[PDB]
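For reference, the chains in residue letters:
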18 protein chains.
Amino acid sequence: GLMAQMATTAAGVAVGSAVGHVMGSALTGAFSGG
Amino acid sequence: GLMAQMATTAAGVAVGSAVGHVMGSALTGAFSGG
Amino acid sequence: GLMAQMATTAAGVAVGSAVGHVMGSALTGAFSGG
Amino acid sequence: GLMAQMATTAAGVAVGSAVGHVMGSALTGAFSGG
Amino acid sequence: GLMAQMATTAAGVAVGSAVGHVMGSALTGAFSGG
Amino acid sequence: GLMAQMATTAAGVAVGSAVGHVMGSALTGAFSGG
Amino acid sequence: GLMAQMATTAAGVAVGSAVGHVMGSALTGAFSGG
Amino acid sequence: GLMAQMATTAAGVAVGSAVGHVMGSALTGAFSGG
Amino acid sequence: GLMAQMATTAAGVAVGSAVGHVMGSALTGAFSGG
Amino acid sequence: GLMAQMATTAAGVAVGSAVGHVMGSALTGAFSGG
Amino acid sequence: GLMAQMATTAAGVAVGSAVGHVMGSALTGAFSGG
Amino acid sequence: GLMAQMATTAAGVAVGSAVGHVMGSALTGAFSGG
Amino acid sequence: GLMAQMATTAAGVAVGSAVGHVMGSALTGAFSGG
Amino acid sequence: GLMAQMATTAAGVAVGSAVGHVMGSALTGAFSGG
Amino acid sequence: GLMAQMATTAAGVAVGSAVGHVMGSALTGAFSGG
Amino acid sequence: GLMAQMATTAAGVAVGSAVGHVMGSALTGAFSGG
Amino acid sequence: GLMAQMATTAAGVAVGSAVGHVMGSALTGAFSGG
Amino acid sequence: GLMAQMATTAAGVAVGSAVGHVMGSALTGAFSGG
């Protein structure tokens, strides 16, 4: 099979932009205030 | 089969924009205030 | 079969915009105030 | 006087998030399909 | 005087979230299909 | 006077995040499909 | 007066993140598809 | 099968932009305030 | 007066991150597809 | 099979830009405030 | 007056990171596809 | 199979840009504030 | 007056990192595909 | 199989640019504030 | 007045890093594909 | 199999640029503030 | 007045690193593909 | 098999540039502030 992700961005003026892609992966994260 | 995600963004002026894609993945997260 | 997600955004002026896609994934999250 | 904007975000798992702030500015944008 | 805007967001799992703030500004936008 | 913008972000797992700040500025943008 | 912008980001795992600050500036942009 | 990720970005003026790709990987992260 | 911009970033694992600051400047950009 | 990641960036003026690619790898990170 | 920009970055593992500062400058750029 | 990563960057003016590629590797990192 | 820019970077493992500073300068650039 | 990484960069004016490639390697790093 | 730029970098392992400083200068560049 | 890394850089004016390649190697590093 | 630029770099292992400083100078460059 | 690394650099004016290649080697480094 075909598994694809696409993301096209166009702008006259851009201040903040971000693109993130995740495919077939294991992500684990922990956060502690103190 | 075909599994696809698409996201097109166009703007004259953009201040805050973000695109996120997740496919076939395991994500685990924990948050603690203190 | 075909499983697709699409999202097109166009604007003259954009201040806050975000796009999120989730497909065939396991997401677990925990939040603690203190 | 005091003019302030605040935005706090916390999440166990976040896929798409964006924050935009505009203060005392002139923004002009134009969009054309073709 | 005091002019403030606040926005707090907390979630165990978040897919799409966006925050936008506008204060004392001039925004002009135009859109054309073709 | 005091003019301040703040934005705090915390997450166990983050895929797409973006922060944009505009203060006392002139932004002009134009977009053309073809 | 005091004009300040702040942005703090913390995450266990981050894939896409971006921070943009604009203060007292003139930005002009033009986009053409063809 | 074919597994592909694409991300095209075009802008007249860009201040903050970031692109992140993850495929078939194991990511583990830990955060401690103090 | 005091004009300051701050941006602090901390993460266990970071794939894509970018920080941009603009203060008291003139930016002009043009884009042409062909 | 074919596993490919692509990222094209074009801009008249760019201040902050970053591209990150991860494929078939093990990443482990730890952060301590003090 | 005092005009300062600060940017601190800390991470256990970093793949793509970039920091850009612009102050009191004139930037002009042009892009042509062909 | 074929495993490839590509990243093309073009800009009239670039201040901060960085490209990072990781393939089939083991990365371990530790951070301590004090 | 005082005009200063600071950028501190610390990481256990870093693959791609870049820092750019511009102050009181004139930058002009042109790009042509062919 | 074929495992390749490519990165092409072109700019009229470039202040900060860096390219990093990692393939089939073991990287270990430790950081201590004091 | 005082005009200073600082950039400190520390890492356990660094593959690609670059630092660029521009102050009170005129930079002109031209690029041609063919 | 074929394992190749390529990196081409072209610019009218370049202030800071660096290219790093790692293939099939063991890298270990330690950092101590004091 | 005082105009100073500083750049300190420390790393356990460094593969690619470069530092560039420009102050009060005129730089002109031209590039031609053929 | 074939294991090759290539890096081509061309610029009208270059101030800081460095190229580093590592293949099939063991690198160990230690750093101490005092």
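- Method information in the entry identifies cryo-EM as the source of the structure, with 3.15 Å recorded as the resolution.

### Section: the overall build of chain A
(1) Moving on: Along its length, chain A carries zero helices and three strands.
(2) Moving on: The dimensions of chain A, computed from C-alpha atoms along their principal axes, are 40 × 35 × 5 Å.
(3) Moving on: The proportion of buried residues among the 34 residues of chain A is 65%.
(4) Moving on: In the structure as shown, chain A presents an accessible area of about 770 Å², 69% of it carried by carbon and sulfur atoms.

### Considerations on the interface of chain E and chain D
Much of the literature gives interface size as the accessible area that the parts lose upon coming together.
(1) Moving on: On the side of chain D, 34 residues touch chain E, which itself brings 34 residues to the contact.
(2) Moving on: The contact between chain E and chain D buries some 2,300 Å² in all, and 46% of this surface belongs to carbon and sulfur atoms.
(3) Moving on: On the chain E side of the interface with chain D, the three residues burying the most area are E:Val19, E:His21 and E:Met23, jointly 20% of the side's total.
(4) Moving on: The interface formed by chain E and chain D contains zero salt bridges.
(5) Moving on: Remark: the boundary between chain E and chain D carries 33 residue pairs in polar contact.
(6) Moving on: Looking at the side of chain E that touches chain D, the elements that each hand over two or more residues are β1 (2-5), β2 (8-23) and β3 (26-30) of chain E.
(7) Moving on: When residues in the side of chain E that touches chain D are grouped by element, the largest group, 16 residues, is from β2(E).
(8) Moving on: Taken together, the residues of the side of chain E that touches chain D break down into 18 nonpolar, 16 polar and no charged.

### So, the arrangement of the chains
(1) Moving on: At their nearest point, the C-alpha atoms of chain D and chain H are still 12 Å apart, with no contact between the two.
(2) Moving on: Contact between chain B and chain J is absent, and the least distance between their C-alpha atoms amounts to 13 Å.

### Considerations on the sheet that holds β1(E)
(1) Moving on: If you walk across this open sheet you meet the nine strands as β1(E)-β1(D)-β1(F)-β1(G)-β1(I)-β1(K)-β1(M)-β1(O)-β1(Q), and the pairing is parallel. Two strands in the sheet have a free side with no partner beyond their single neighbour: β1 of chain E together with β1 (2-5) of chain Q. Across this sheet, the average inter-strand angle for adjacent strands is 0 degrees, counted without regard to direction.
(2) Moving on: With four bridges connecting them, strand β1 (residues 2-5) of chain M and strand β1 (residues 2-5) of chain O associate as parallel partners. Paired with M:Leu2 across the strands is O:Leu2, a residue of β1(O).

### Here's the deal with the interface of chain A and chain B
(1) Moving on: Each partner contributes residues to the interface: chain A has 34 residues there, and chain B has 34 residues.
(2) Moving on: Taking both partners together, chain A and chain B bury about 2,300 Å²; carbon and sulfur atoms supply 47% of that area.
(3) Moving on: It is A:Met6, A:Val22 and A:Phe31 that lose the most area in chain A upon contact with chain B, and together they represent 19% of the buried surface on that side.
(4) Moving on: The tally of links between chain A and chain B comes to zero salt bridges.
(5) Moving on: For the interface between chain A and chain B, the tally reads 33 residue pairs in polar contact.

### Concerning the sheet that holds strand β1 (residues 2-5) of chain H
(1) Moving on: The strand order β1(C)-β1(B)-β1(A)-β1(H)-β1(J)-β1(L)-β1(N)-β1(P)-β1(R) describes an open sheet built from nine strands, whose pairing is parallel. One side of each edge strand has no neighbouring strand; the edge strands of this open sheet are β1 (2-5) of chain C together with β1 (2-5) of chain R. Ignoring strand direction, the axes of neighbouring strands in this sheet form an average angle of 0 degrees.

### Brief notes about the packing of aromatic side chains
(1) Moving on: This model, assessed by the stated rule, comprises 16 aromatic pairs over all chains.
(2) Moving on: Ring plane angle 0 degrees and centroid distance 4.8 Å describe the contact between I:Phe31 and K:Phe31, whose orientation is recorded as stacked. Of this pair, I:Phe31 sits in the segment after β3 (26-30) while K:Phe31 sits in the segment after β3 (26-30), on two different chains.
(3) Moving on: Taken together, the ring pairs in this structure connect A:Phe31, B:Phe31, C:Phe31, H:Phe31, J:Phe31, L:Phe31, N:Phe31, P:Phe31 and R:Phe31 into an aromatic cluster.

### Points about the pairing of strand β3 (residues 26-30) of chain P
(1) Moving on: What you see with β3(P) is a clean split: P:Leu27 and P:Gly29 sit on the buried side and P:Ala26, P:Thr28 and P:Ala30 on the side with no burial.
(2) Moving on: As defined by bridge partners, strand β3 (residues 26-30) of chain N adjoins β3(P) across five bridges and the pair is classed as parallel. Across the sheet, N:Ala26 pairs through a bridge with P:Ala26, a residue of β3(P).

### As for the environment of R:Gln5
All names here are of chain R.
(1) Moving on: As for its position among the elements, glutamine 5 is in strand β1.
(2) Moving on: Counting along the chain gives 24 residues from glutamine 5 to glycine 29, while the straight-line C-alpha distance between them is 23 Å.
(3) Moving on: A polar contact is formed between the side chain of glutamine 5 and the side chain of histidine 21, at a distance of 3.2 Å.

### Topic: a nonpolar patch on the surface
(1) Moving on: A surface patch of nonpolar side chains, about 660 Å² in accessible area, is lined by A:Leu2, B:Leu2, C:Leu2, H:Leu2, J:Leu2, L:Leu2, N:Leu2, P:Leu2 and R:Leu2.
(2) Moving on: Inspection of the secondary structure puts C:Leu2 in strand β1.
(3) Moving on: The exposed category is assigned to C:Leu2, whose relative accessible area is 60%.

### Re the side chain of N:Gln5
(1) Moving on: Residue classification places N:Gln5 among the buried positions, given a relative accessible area of 0%.
(2) Moving on: There is a polar contact of 2.9 Å between the side chain of N:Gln5 and the side chain of L:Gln5.

### Some points on the environment of I:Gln5
(1) Moving on: Spatially, the C-alpha atoms of I:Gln5 and I:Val15 are 24 Å apart, while their sequence positions differ by ten residues.
(2) Moving on: Among all residues touching I:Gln5, those that are not within four sequence positions of it are G:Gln5, G:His21, G:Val22, G:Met23, I:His21, I:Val22, I:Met23, K:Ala4, K:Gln5 and K:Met6.

### Observations regarding the pairing of strand β2 (residues 8-23) of chain J
(1) Moving on: In terms of burial, β2(J) is a largely internal element, 15 of the 16 residues being buried.
(2) Moving on: Pairing between strand β2 (residues 8-23) of chain H and β2(J): 14 bridges, direction parallel. Residue pairing in the sheet places H:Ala18 in a bridge with J:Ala18 of β2(J).

Rules behind the numbers
- Residues numbered from 1 in each chain as written, not as in the entry; some residues may be left out.
- Chains lettered and ligands numbered in written order.
- Heavy atoms only, no water.
- Helix = DSSP H or I, 4+ residues; strand = E, 2+ residues; numbered from the N terminus.
- Buried < 20%, exposed > 50% of the residue type's maximum accessible area, 1.4 Å probe, protein only.
- Areas by Shrake-Rupley, 256 points an atom, 1.4 Å probe, with all protein chains shown as cover.
- Contact = heavy atoms within 4.5 Å.
- Buried area = accessible area lost by both parts, 1.4 Å probe.
- Salt bridge = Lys/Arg side-chain N within 4 Å of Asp/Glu carboxyl O.
- Polar contact = N/O pair within 3.5 Å; in protein donor to acceptor, adjacent residues only side chain to side chain.
- Nonpolar A, V, L, I, M, F, W, Y, C, P; charged D, E, K, R; others polar.
- Pairing = 2+ DSSP bridges.
- Axes fitted to C-alpha atoms, helices over the stretch in contact; angles between N-to-C directions.
- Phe/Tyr/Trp six-rings, centres within 6.5 Å; stacked < 30°, edge-to-face > 60°.
- Patch = residues over 30% accessible without salt bridge, like charges linked within 9 Å, V, L, I, M, F, W, Y side chains within 5 Å.

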